[PDB]
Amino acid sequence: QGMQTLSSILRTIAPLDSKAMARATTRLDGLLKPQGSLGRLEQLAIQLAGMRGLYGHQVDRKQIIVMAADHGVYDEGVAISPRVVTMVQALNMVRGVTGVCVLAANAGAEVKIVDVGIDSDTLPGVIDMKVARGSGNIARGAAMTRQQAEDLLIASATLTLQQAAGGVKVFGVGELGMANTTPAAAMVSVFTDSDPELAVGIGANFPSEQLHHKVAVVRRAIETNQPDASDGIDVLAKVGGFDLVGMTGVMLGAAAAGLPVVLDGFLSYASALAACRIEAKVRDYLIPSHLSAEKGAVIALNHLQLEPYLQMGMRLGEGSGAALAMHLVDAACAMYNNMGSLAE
């Protein structure tokens, strides 16, 4: 009774409004320019026209939802930062001093920090959605139970839908989590039928001479858990983490609202792969931002069939890249709304 079932939310994800997109195409073709000369900006304006949650290409209010959680696989020595940095950096987000904070402010976007599994108590100014104090160590077992993954998907999609009802027009995703590039690489390996050696990157400056150990840990996580690559919830629960689940839920909720959601980098690619496995109709609500510098970025993007607009060599995460692409969503709508056709 309290919340909608996952199945019910998924069934509200509609294909894009093809008739709206056709009208938008005709309008863009008639504008003061050679046909198709604004390329992917035109494509973006048409894609947004198909999203029934929007009205008149009005996208003023934007909100990047940052999902924070700790990971049991930190115990395997795959991250160089102290584990406590997840908590401190979440507090730093409240202070407004992190990279996503200043880039979101520069883009006029809100930032909503959500605790879905930090190894800490409740944090002032951080939304309490905490499933547990850190995920299970994926190298020795599952990150979480299937039911925990499903319930968190429902909770984070529900939050997103509440924000949609409250007037948010464009979502973005980010995360915070020491060692979370290890589950992300495991998910990408499983979803793309890739050997982990192809998908495992340096994350937060993991020493290149120790990268073989990070590969070994991811390989062991997949061997131990044997996730079903066709089952997005199973992959999330077995070799994912709470932040990854939360980002998938935001994508599901935005698509269910009929609204755009802007991806970030490698971590968000893993969540996007799981979201599209759960409901393929989510893909057309996704807007890529930048091409992450993570080693497995190109493999993940190829399988999503998405081409990011920004090539910034970025690898911070937090949603900082999603913030940058917000300007492009603005630009597509500004071109659609304000550009002349036959003013004289």
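Residue indices: 1-based, along the sequence shown.
Visitor: Mean CA B-factor: is it higher for 94-102 or for 169-177?
Guide: It is 94-102 that shows the higher mean C-alpha B-factor.
Visitor: I need to verify one thing: averaged over C-alpha atoms only, is the B-factor higher for 263-271 or for 197-205?
Guide: Looking at the record's C-alpha B-factors, the answer is 197-205.
Visitor: So among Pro124, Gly117, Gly232, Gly246, who wins on Cα B-factor in the entry?
Guide: Going by the entry's C-alpha B-factors, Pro124 comes out highest.
Visitor: In terms of recorded Cα temperature factor, pick the maximum from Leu152, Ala185, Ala255, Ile80.
Guide: By C-alpha B-factor in the record, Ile80 ranks first.
Visitor: Consider only the C-alpha atoms of the modelled residues in this chain, order them by B-factor as the entry records it, and name the third containing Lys238: lowest, middle or highest.
Guide: Bottom third by C-alpha B-factor.
Visitor: Among the modelled residues of this chain, does the Cα B factor of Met335 put it in the lowest, middle or highest third?
Guide: Its C-alpha B-factor belongs to the highest third of this chain's values.
Visitor: Pull the Cα B-factor of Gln311 out of the PDB entry and bin it into the chain's lowest, middle or highest third.
Guide: Tercile = middle for this residue's CA B-factor.
Visitor: Would you check the entry's CA temperature factor for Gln58 and let me know if it's in the chain's lowest, middle or highest third?
Guide: Ranked within chain, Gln58 CA B lands in the highest tercile.
Visitor: Could you say whether, by C-alpha temperature factor, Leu31 belongs to the lowest, middle or highest third of its chain?
Guide: CA B-factor rank for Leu31: highest third.
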